[PDB]
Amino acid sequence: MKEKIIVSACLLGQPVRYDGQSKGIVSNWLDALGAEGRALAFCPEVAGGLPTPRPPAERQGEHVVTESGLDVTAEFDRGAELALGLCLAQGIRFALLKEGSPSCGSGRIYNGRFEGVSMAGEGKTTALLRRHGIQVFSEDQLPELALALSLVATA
């Protein structure tokens, strides 16, 4: 059937990023999906109770902290669980999440040293969704996500 996906709200142009900006991507496919009511916007950090703007944060293994040392893991873990809850309730098995984020990253994240250095890894929400069988794609993998969603359309 024409299934739904969960999408990082910033990729849809919502100004929920830590700096109050958006990461709206130019995509005819994603626009069409949204026009059909199939792209459910979700921001784990805002759902988890963090404000907008909010200080930058990085993973330090299981913890998520700001540069000043404030531990925000509780909010990151709440937002990841709420993303999973929305997927389970709506029967969603695919996610399109923002690359590099301590919540939404899927191929890379910042290394926890607050020095602008990236490493291979995933954000807290991506890790939880993948652990529960949900496939996560970044905005650099739109062709792959669009194909994965198109293969189950006639079922």
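Residue indices: 1-based, along the sequence shown.
- When 108 to 116 is weighed against 60 to 68, 108 to 116 comes out higher, by mean CA B-factor as recorded in the entry.
- For the pair 18 to 26 and 128 to 136, the record assigns the higher mean C-alpha temperature factor to 18 to 26.
- Taking the PDB entry at face value, the top CA B factor among 41, 97, 88, 46 belongs to 88.
- Among the modelled residues of its chain, residue 55 has a C-alpha B-factor that falls in the middle third, as given in the PDB entry.
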